[PDB]
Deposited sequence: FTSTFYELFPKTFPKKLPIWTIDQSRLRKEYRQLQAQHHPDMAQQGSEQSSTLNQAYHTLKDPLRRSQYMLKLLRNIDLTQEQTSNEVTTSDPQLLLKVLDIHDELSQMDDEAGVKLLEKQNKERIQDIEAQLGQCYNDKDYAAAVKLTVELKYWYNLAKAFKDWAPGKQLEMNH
């Protein structure tokens, strides 16, 4: 009965269904227009930010379309658990960042992490087009790990 976030943006989503390929300028224009007409503001704010962000959007879509909520700790853990290869890939980047001695190195890792994210996002695109929810689940947990690294890159400091 409860409206989905896609139902809060009728212009942007005439079909009222969950989709991955959002037209973000239209979302944004509609969001601005809707805000220009406290609780009600913050509820539309949650919704808009969920849809604008690739990670939050994939997590929300999988909740609605496949009923898997990756924002819950144990659901994410059962997915990730199966994938020790991914776990080790991610830890190795954490340890690479630890071994960086200078800004130049750190900005390299960061560039590479940003390319991983737009690559995952493109792959999520193809998953949702082909309705491969299972593949999208794996990529969405992996995406979180790369988003988490983005702030470690931002906050890095030259020292002991």
Deposited-sequence stretches lacking C-alpha coordinates, listed in sequence order: 38-46, 170-175
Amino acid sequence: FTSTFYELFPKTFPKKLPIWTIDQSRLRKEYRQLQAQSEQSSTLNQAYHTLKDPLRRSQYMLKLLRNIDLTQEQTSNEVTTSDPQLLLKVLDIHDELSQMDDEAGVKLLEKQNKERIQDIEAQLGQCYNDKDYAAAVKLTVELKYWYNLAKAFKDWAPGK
From here on, numbers count along this sequence of modelled residues.
Mean C-alpha B-factor comparison - 87-95 and 54-62, higher one: 87-95
45-53 or 65-73, whichever carries the higher mean Cα B-factor: 65-73
Highest recorded Cα temperature factor - choice among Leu27, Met100, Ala134, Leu124: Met100
Relative C-alpha B-factor of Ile117, binned into the chain's lowest, middle or highest third: lowest
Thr2 by Cα B-factor - lowest, middle or highest third of the modelled chain: highest
